[PDB]
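*Asks:* Pasting data_28.pdb here (PDB, C-alpha atoms (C1' of nucleotides) and all ligand atoms):
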MODEL        1
ATOM      1  CA  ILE A 153       0.000   0.000   0.000  1.00  0.00           C
ATOM      2  CA  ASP A 154       2.916   2.309   0.779  1.00  0.00           C
ATOM      3  CA  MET A 155       5.613   0.778  -1.401  1.00  0.00           C
ATOM      4  CA  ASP A 156       8.339   2.911   0.327  1.00  0.00           C
ATOM      5  CA  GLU A 157       8.939   6.390  -1.234  1.00  0.00           C
ATOM      6  CA  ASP A 158      11.700   6.270  -3.892  1.00  0.00           C
ATOM      7  CA  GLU A 159       9.287   4.476  -6.212  1.00  0.00           C
ATOM      8  CA  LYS A 160       7.001   7.520  -6.031  1.00  0.00           C
ATOM      9  CA  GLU A 161       9.952   9.627  -7.148  1.00  0.00           C
ATOM     10  CA  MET A 162      10.729   7.331 -10.070  1.00  0.00           C
ATOM     11  CA  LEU A 163       7.024   7.119 -10.944  1.00  0.00           C
ATOM     12  CA  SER A 164       6.822  10.904 -11.054  1.00  0.00           C
ATOM     13  CA  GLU A 165       9.909  11.084 -13.260  1.00  0.00           C
ATOM     14  CA  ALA A 166       8.511   8.361 -15.530  1.00  0.00           C
ATOM     15  CA  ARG A 167       5.170  10.160 -15.811  1.00  0.00           C
ATOM     16  CA  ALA A 168       6.960  13.376 -16.733  1.00  0.00           C
ATOM     17  CA  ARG A 169       9.051  11.403 -19.228  1.00  0.00           C
ATOM     18  CA  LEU A 170       6.315   9.507 -21.038  1.00  0.00           C
ATOM     19  CA  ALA A 171       4.279  12.582 -22.000  1.00  0.00           C
ATOM     20  CA  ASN A 172       7.078  15.140 -22.410  1.00  0.00           C
ATOM     21  CA  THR A 173       7.502  14.656 -26.189  1.00  0.00           C
ATOM     22  CA  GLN A 174       8.254  17.844 -28.190  1.00  0.00           C
ATOM     23  CA  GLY A 175      11.907  16.852 -28.459  1.00  0.00           C
ATOM     24  CA  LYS A 176      14.434  18.536 -26.195  1.00  0.00           C
ATOM     25  CA  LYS A 177      15.592  21.823 -27.738  1.00  0.00           C
ATOM     26  CA  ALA A 178      12.274  22.682 -29.383  1.00  0.00           C
ATOM     27  CA  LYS A 179      11.503  24.395 -26.049  1.00  0.00           C
ATOM     28  CA  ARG A 180      13.680  27.338 -27.095  1.00  0.00           C
ATOM     29  CA  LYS A 181      11.770  28.512 -30.171  1.00  0.00           C
ATOM     30  CA  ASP A 182       8.314  28.623 -28.575  1.00  0.00           C
ATOM     31  CA  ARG A 183       9.756  30.450 -25.570  1.00  0.00           C
ATOM     32  CA  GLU A 184      11.437  32.953 -27.896  1.00  0.00           C
ATOM     33  CA  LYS A 185       8.149  33.494 -29.720  1.00  0.00           C
ATOM     34  CA  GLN A 186       6.399  34.058 -26.387  1.00  0.00           C
ATOM     35  CA  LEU A 187       9.035  36.594 -25.321  1.00  0.00           C
ATOM     36  CA  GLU A 188       8.786  38.428 -28.638  1.00  0.00           C
ATOM     37  CA  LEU A 189       5.004  38.545 -28.234  1.00  0.00           C
ATOM     38  CA  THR A 190       5.403  39.967 -24.728  1.00  0.00           C
ATOM     39  CA  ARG A 191       7.875  42.612 -25.897  1.00  0.00           C
ATOM     40  CA  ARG A 192       5.703  43.686 -28.837  1.00  0.00           C
ATOM     41  CA  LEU A 193       2.695  43.860 -26.512  1.00  0.00           C
ATOM     42  CA  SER A 194       4.717  46.073 -24.174  1.00  0.00           C
ATOM     43  CA  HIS A 195       5.740  48.300 -27.091  1.00  0.00           C
ATOM     44  CA  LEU A 196       2.143  48.640 -28.273  1.00  0.00           C
ATOM     45  CA  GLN A 197       0.869  49.302 -24.742  1.00  0.00           C
ATOM     46  CA  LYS A 198       3.508  51.998 -24.315  1.00  0.00           C
ATOM     47  CA  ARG A 199       2.413  53.568 -27.596  1.00  0.00           C
ATOM     48  CA  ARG A 200      -1.253  53.582 -26.585  1.00  0.00           C
ATOM     49  CA  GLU A 201      -0.528  55.028 -23.145  1.00  0.00           C
ATOM     50  CA  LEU A 202       1.503  57.721 -24.887  1.00  0.00           C
TER      51      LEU A 202
ATOM     52  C1'   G B   1      54.955  84.156 -87.411  1.00  0.00           C
ATOM     53  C1'   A B   2      58.441  80.546 -91.569  1.00  0.00           C
ATOM     54  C1'   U B   3      58.499  79.680 -96.894  1.00  0.00           C
ATOM     55  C1'   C B   4      58.309  81.254-101.475  1.00  0.00           C
ATOM     56  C1'   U B   5      55.619  84.902-104.602  1.00  0.00           C
ATOM     57  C1'   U B   6      55.812  89.700-106.941  1.00  0.00           C
ATOM     58  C1'   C B   7      53.891  93.282-103.549  1.00  0.00           C
ATOM     59  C1'   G B   8      47.378  90.756-106.419  1.00  0.00           C
ATOM     60  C1'   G B   9      48.898  86.478-103.029  1.00  0.00           C
ATOM     61  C1'   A B  10      50.096  81.398-102.250  1.00  0.00           C
ATOM     62  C1'   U B  11      51.463  77.950 -99.143  1.00  0.00           C
ATOM     63  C1'   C B  12      52.255  75.360 -93.188  1.00  0.00           C
ATOM     64  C1'   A B  13      49.290  74.269 -88.752  1.00  0.00           C
ATOM     65  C1'   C B  14      42.675  74.329 -87.459  1.00  0.00           C
ATOM     66  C1'   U B  15      38.114  73.765 -81.852  1.00  0.00           C
ATOM     67  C1'   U B  16      41.051  71.116 -75.207  1.00  0.00           C
ATOM     68  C1'   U B  17      38.326  70.023 -70.774  1.00  0.00           C
ATOM     69  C1'   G B  18      37.472  60.887 -68.226  1.00  0.00           C
ATOM     70  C1'   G B  19      33.428  64.102 -64.991  1.00  0.00           C
ATOM     71  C1'   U B  20      30.850  58.863 -56.868  1.00  0.00           C
ATOM     72  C1'   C B  21      29.978  64.573 -59.810  1.00  0.00           C
ATOM     73  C1'   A B  22      32.320  72.367 -56.392  1.00  0.00           C
ATOM     74  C1'   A B  23      36.972  73.565 -50.096  1.00  0.00           C
ATOM     75  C1'   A B  24      35.001  66.600 -45.347  1.00  0.00           C
ATOM     76  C1'   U B  25      28.120  67.887 -40.214  1.00  0.00           C
ATOM     77  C1'   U B  26      22.756  66.774 -44.130  1.00  0.00           C
ATOM     78  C1'   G B  27      23.582  61.136 -50.497  1.00  0.00           C
ATOM     79  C1'   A B  28      31.246  55.110 -51.239  1.00  0.00           C
ATOM     80  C1'   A B  29      29.954  50.211 -45.588  1.00  0.00           C
ATOM     81  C1'   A B  30      28.958  48.097 -41.124  1.00  0.00           C
ATOM     82  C1'   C B  31      28.830  48.660 -36.413  1.00  0.00           C
ATOM     83  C1'   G B  32      31.113  49.546 -30.520  1.00  0.00           C
ATOM     84  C1'   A B  33      29.042  48.846 -25.899  1.00  0.00           C
ATOM     85  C1'   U B  34      25.850  48.106 -22.144  1.00  0.00           C
ATOM     86  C1'   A B  35      21.061  45.359 -20.388  1.00  0.00           C
ATOM     87  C1'   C B  36      17.921  40.491 -21.571  1.00  0.00           C
ATOM     88  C1'   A B  37      18.349  34.916 -23.385  1.00  0.00           C
ATOM     89  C1'   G B  38      22.595  32.611 -23.773  1.00  0.00           C
ATOM     90  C1'   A B  39      24.874  26.227 -28.113  1.00  0.00           C
ATOM     91  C1'   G B  40      20.939  20.504 -33.416  1.00  0.00           C
ATOM     92  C1'   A B  41      18.667  14.259 -33.259  1.00  0.00           C
ATOM     93  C1'   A B  42      11.890  12.503 -28.571  1.00  0.00           C
ATOM     94  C1'   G B  43      16.826  11.009 -20.612  1.00  0.00           C
ATOM     95  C1'   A B  44      22.467  12.774 -20.871  1.00  0.00           C
ATOM     96  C1'   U B  45      26.582  13.903 -23.385  1.00  0.00           C
ATOM     97  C1'   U B  46      27.314  14.654 -27.807  1.00  0.00           C
ATOM     98  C1'   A B  47      30.197  12.779 -34.894  1.00  0.00           C
ATOM     99  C1'   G B  48      28.510  14.647 -38.901  1.00  0.00           C
ATOM    100  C1'   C B  49      26.127  14.737 -44.747  1.00  0.00           C
ATOM    101  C1'   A B  50      22.256  16.566 -46.902  1.00  0.00           C
ATOM    102  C1'   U B  51      17.010  18.912 -48.548  1.00  0.00           C
ATOM    103  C1'   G B  52      14.438  24.866 -49.625  1.00  0.00           C
ATOM    104  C1'   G B  53      15.974  29.959 -51.103  1.00  0.00           C
ATOM    105  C1'   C B  54      14.430  37.970 -51.972  1.00  0.00           C
ATOM    106  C1'   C B  55      19.904  34.680 -45.751  1.00  0.00           C
ATOM    107  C1'   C B  56      24.602  35.139 -46.217  1.00  0.00           C
ATOM    108  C1'   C B  57      30.163  35.351 -44.529  1.00  0.00           C
ATOM    109  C1'   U B  58      35.713  33.428 -45.459  1.00  0.00           C
ATOM    110  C1'   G B  59      37.782  31.619 -49.881  1.00  0.00           C
ATOM    111  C1'   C B  60      41.289  31.836 -56.421  1.00  0.00           C
ATOM    112  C1'   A B  61      37.935  28.002 -56.314  1.00  0.00           C
ATOM    113  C1'   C B  62      32.531  23.667 -59.441  1.00  0.00           C
ATOM    114  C1'   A B  63      37.771  21.967 -52.572  1.00  0.00           C
ATOM    115  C1'   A B  64      36.423  23.049 -47.919  1.00  0.00           C
ATOM    116  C1'   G B  65      34.882  25.844 -43.790  1.00  0.00           C
ATOM    117  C1'   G B  66      31.731  29.300 -40.737  1.00  0.00           C
ATOM    118  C1'   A B  67      27.152  25.680 -34.251  1.00  0.00           C
ATOM    119  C1'   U B  68      25.791  19.499 -38.937  1.00  0.00           C
ATOM    120  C1'   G B  69      26.989  28.141 -40.954  1.00  0.00           C
ATOM    121  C1'   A B  70      21.933  30.208 -39.849  1.00  0.00           C
ATOM    122  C1'   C B  71      16.498  30.139 -40.698  1.00  0.00           C
ATOM    123  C1'   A B  72      12.798  26.551 -42.039  1.00  0.00           C
ATOM    124  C1'   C B  73      10.811  20.823 -41.545  1.00  0.00           C
ATOM    125  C1'   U B  74       2.479  20.518 -40.105  1.00  0.00           C
ATOM    126  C1'   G B  75      -1.739  19.160 -40.315  1.00  0.00           C
ATOM    127  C1'   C B  76      -5.659  20.372 -43.313  1.00  0.00           C
ATOM    128  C1'   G B  77     -12.433  19.708 -45.400  1.00  0.00           C
ATOM    129  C1'   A B  78     -14.009  19.236 -54.651  1.00  0.00           C
ATOM    130  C1'   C B  79     -17.923  15.757 -47.162  1.00  0.00           C
ATOM    131  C1'   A B  80     -22.131  13.657 -49.916  1.00  0.00           C
ATOM    132  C1'   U B  81     -25.109  13.942 -46.016  1.00  0.00           C
ATOM    133  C1'   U B  82     -28.841  10.435 -45.008  1.00  0.00           C
ATOM    134  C1'   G B  83     -30.054   6.904 -41.047  1.00  0.00           C
ATOM    135  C1'   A B  84     -33.798   7.992 -37.842  1.00  0.00           C
ATOM    136  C1'   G B  85     -36.856  10.192 -33.934  1.00  0.00           C
ATOM    137  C1'   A B  86     -39.084  14.438 -31.252  1.00  0.00           C
ATOM    138  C1'   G B  87     -41.406  18.980 -30.200  1.00  0.00           C
ATOM    139  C1'   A B  88     -42.905  22.742 -34.072  1.00  0.00           C
ATOM    140  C1'   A B  89     -44.448  24.300 -38.339  1.00  0.00           C
ATOM    141  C1'   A B  90     -47.524  24.288 -42.888  1.00  0.00           C
ATOM    142  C1'   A B  91     -48.169  18.718 -45.308  1.00  0.00           C
ATOM    143  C1'   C B  92     -48.549  13.245 -45.898  1.00  0.00           C
TER     144        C B  92
HETATM  145  K     K C 301      27.846  19.197 -34.396  1.00  0.00           K
HETATM  146 MG    MG C 302      29.265  22.828 -44.262  1.00  0.00          MG
HETATM  147 MG    MG C 303      23.429  23.165 -43.108  1.00  0.00          MG
ENDMDL
END
Show how you would write the structure in this file as structure tokens.
*Replies:*
Amino acid sequence: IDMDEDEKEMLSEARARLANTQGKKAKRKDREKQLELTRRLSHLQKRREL
RNA sequence: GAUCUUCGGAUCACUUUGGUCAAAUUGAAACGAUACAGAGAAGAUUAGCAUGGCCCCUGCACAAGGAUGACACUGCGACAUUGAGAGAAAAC
């Protein structure tokens, strides 16, 4: 019922592993797009408050 | 002017200007730095060769390099609808 605790750790890591997908370094491009969107939103908001 | 000629004249020669543009802030390029992230292949470290072109850089080069040079690598509707029921409406 409580099969110690390290197995919970490995189960959590396995669960994160099985559904991670999306490669490994594809996480850079989407983040860069999000940051560019944030910066352009800030620029536009600054223009409208001006 | 030189030559003859006979003091009438004839010979000899005959139209430049290489202009990225008028004495340098405002018409020959391409950027330093600081501040942000900050190094490809489904755990982790990592060899590379390619594909695409209004992306180039180094090179004498159709060698080869520049992170495998970099960017890109997805995704949807010439679907005909009927198959049926129900409440409505207009209709077997
Ligand atoms: K490499
Ligand atoms: Mg190469
Ligand atoms: Mg390449």
*Asks:* Taking all atoms listed in the file into account, report as a PyMOL selection string which residues of chain A lie within 10 Å of chain B.
*Replies:* chain A and resi 169-170+172-178+180+183-184+187
*Asks:* Record the distance separating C1' of residue 67 in chain B and atom MG of ligand MG 303 (chain C), expressed in Å with one decimal.
*Replies:*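 Atom MG of ligand MG 303 (chain C) lies at a distance of 9.9 Å from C1' of residue 67 in chain B.
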*Asks:* Check what the PyMOL selection byres (((not hetatm)) within 8 of (chain C and resi 303)) selects in the file above and give those residues as a ChimeraX atom specification.
*Replies:* /B:50,68-70
*Asks:* Just give me the gap between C1' of residue 53 in chain B and CA of residue 181 in chain A in Å, one decimal is fine.
*Replies:*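 Interatomic distance here is 21.4 Å.
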*Asks:* Separation of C1' of residue 48 in chain B and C1' of residue 73 in chain B, in Å?
*Replies:*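 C1' of residue 48 in chain B sits 18.9 Å away from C1' of residue 73 in chain B.
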*Asks:* Determine, counting all atoms listed in the file, which protein, DNA and RNA residues have an atom within 8 Å of an atom of range 55-60 of chain B; residues of the same chain fewer than 5 positions away are not included. Present the result as a ChimeraX atom specification.
*Replies:* /B:65-66,70-71
*Asks:* Let me make sure I understand: among B:17, B:26, B:6, B:46, which one has the smallest atom-to-atom distance to ligand K 301 (chain C) if we use all atoms listed in the file?
*Replies:*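 Of B:17, B:26, B:6, B:46, the one nearest ligand K 301 (chain C) is B:46, counting all atoms listed in the file.
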*Asks:* Rank nothing, just name the residue among B:47, B:36, B:80, B:86 nearest to ligand K 301 (chain C), using only C-alpha atoms (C1' of nucleotides) and all ligand atoms.
*Replies:*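 Using only C-alpha atoms (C1' of nucleotides) and all ligand atoms, the shortest distance to ligand K 301 (chain C) belongs to B:47.
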